[PDB]
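Protein chains in written order, with this note's numbering: chain A, 816 to 888; chain B, 76 to 151; chain C, 2 to 76. Note that CB positions come from ideal geometry on N, CA and C, so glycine has one too.
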Amino acid sequence: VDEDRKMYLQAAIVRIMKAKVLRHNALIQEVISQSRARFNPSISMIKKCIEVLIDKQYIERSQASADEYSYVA
Amino acid sequence: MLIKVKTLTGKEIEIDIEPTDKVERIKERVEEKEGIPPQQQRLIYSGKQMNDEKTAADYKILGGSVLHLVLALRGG
Amino acid sequence: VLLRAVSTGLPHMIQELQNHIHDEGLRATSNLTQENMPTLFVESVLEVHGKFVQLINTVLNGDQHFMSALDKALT
């Protein structure tokens, strides 16, 4: 299940980021908002997923912005 | 003061408040009564979304006042 | 009864009664160790429920607002 949550969390991030740019805090809260029905994700987990997503290059950070991410296709 | 708050079950709940209290606390009172995590809650006072770290006296909320609760809002 | 007579007397009492059962309940489970066996856990929670539910019935005369308080606190 633990691994599974990561994937779902990731799916949530991509899904949310698709629907363009969001601040880190906002993104996290939404992930919780979406995931609430299934389970409450640990904050630490989310952050890890976000980075994974960036490596995957699903989403990127804004060049000059405090904690902001853009959805990059 | 005791403020009334309209929930998403279609009812209205009165809760204990001090004007000096930060508004994020009211979210927790609403969790306690309605079982909705303060993480996902947004308080709207008369048309506008209430802040978090800002206090209730900053919004001039009185004991007759009424709050509306809605889930998170994002533009896109 | 004293508080009922005066206008808006009960709401403090509602929170107080809610804050209190919650502490006792939260404390009660802590007693039951890292075993996390369910039969003890269901039973401790029920012990507390039974004490207060009866208490709200007899003593407060079964007023709904306090009952809502209890439900939210037990959840």
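Assignment of residue 880 of chain A by DSSP, reduced to helix, strand and coil, places it in the coil class. Residue-level contact by beta carbon holds for residue 9 of chain C and chain B, with a gap shorter than 8 Å.
The C-alpha of residue 109 of chain B is placed about 29 Å away from the C-alpha of residue 151 of chain B. Check the Cα spacing between residue 80 of chain B and each of B:128, B:105, B:129, B:132: the tightest is with B:105. Identification of chain B residues near residue 21 of chain C by a Cβ-Cβ cut-off of 7 Å yields none; the smallest Cβ-Cβ distance measures about 13 Å. Short of 8 Å from the beta carbon of residue 887 of chain A, and not among the five residues preceding or following it, lie these beta carbons of its own chain, in chain order: 872, 873, 874, 875. 847, 848, 851, 855: these are the residues of the region 846-867 of chain A whose beta carbon lies less than 9 Å from some beta carbon of chain B, given in chain order. In the structure shown, residue 98 of chain B falls within a coil segment according to DSSP collapsed to helix, strand and coil. Residue 98 of chain B and residue 112 of chain B have their C-alpha atoms spaced approximately 15 Å apart. Interface with chain C (8 Å Cβ-Cβ cutoff): residue 96 of chain B is excluded.
Looking from the CA of residue 137 of chain B, the closest CA among B:126, B:114, B:96 belongs to B:96. In terms of beta-carbon proximity, residue 151 of chain B lines the interface with chain A, with at least one pair separated by less than 8 Å. One alpha carbon belongs to residue 866 of chain A, the other to residue 839 of chain A, and they sit about 12 Å apart.
Nearest CB-CB separation between residue 83 of chain B and chain A: not below the 8 Å threshold. Using a CB distance below 8 Å, the part of the region 819-837 of chain A facing chain B consists of 834, 835, 837, ordered along the chain. Contact between residue 76 of chain B and residue 88 of chain B is ruled out by a C-beta separation of about 14 Å, above the 8 Å threshold. Excluding its 5 nearest sequence neighbours in each direction, residue 94 of chain B has C-beta neighbours in its own chain below 6 Å: 131, 132, listed in chain order.
With 16 or more other Cβ atoms inside 10 Å of its own Cβ, residue 846 of chain A counts as buried.
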